[PDB]
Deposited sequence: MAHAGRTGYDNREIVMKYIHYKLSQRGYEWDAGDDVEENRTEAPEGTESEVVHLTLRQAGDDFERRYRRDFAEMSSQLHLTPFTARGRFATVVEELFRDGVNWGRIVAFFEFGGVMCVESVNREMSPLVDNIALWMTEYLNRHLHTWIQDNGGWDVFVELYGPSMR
């Protein structure tokens, strides 16, 4: 579902960028937006430490992103770490637009869907699908 995953990332990043003032899948999209919101308000200090791990510049390679997010999933995947992953990406995008590097947003959106598709969807399909995320978080 690489198509659906790219769409989920773009909806979340678009939501997040507009919030900071810079029938199919709709229920997953809505749930994820809510989850990211709850997460950022609950885990402010902890999220600041995650975000401080990486500042994307026009120089930065997907590897550097992959290494910081690998550490988040070092010893497994839970829905709370997946929400952290989406908020992380959001923060990178907001930092990018804030410092007039708006073209990095599309780069970050691709990095996120590739990490989703390769490292996370595999876990999701053994842990109840997006339907389970929706009933947990929606």
{"property": "Stretches with no C-alpha atoms in the model, relative to the deposited sequence starting at 1", "result": "1-6, 29-46, 163-166"}
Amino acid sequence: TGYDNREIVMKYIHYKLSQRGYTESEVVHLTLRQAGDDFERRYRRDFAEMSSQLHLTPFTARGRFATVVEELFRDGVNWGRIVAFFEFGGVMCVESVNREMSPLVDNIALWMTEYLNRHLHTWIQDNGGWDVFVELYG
From here on, numbers count along this sequence of modelled residues.
item: Per the entry, higher mean C-alpha B factor between 26-34 and 107-115; value: 26-34
item: Which of 42-50 and 70-78 has higher mean CA B factor, as the PDB entry lists it; value: 42-50
item: Third of the chain's Cα B-factor distribution that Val132 belongs to, per the entry; value: lowest
item: Ranked C-alpha temperature factor of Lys16 among modelled chain residues, by third; value: lowest
item: Chain-wide C-alpha B factor ranking for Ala84, given as lowest, middle or highest third; value: lowest
item: Among modelled residues of the same chain, the CA temperature factor third for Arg62; value: lowest
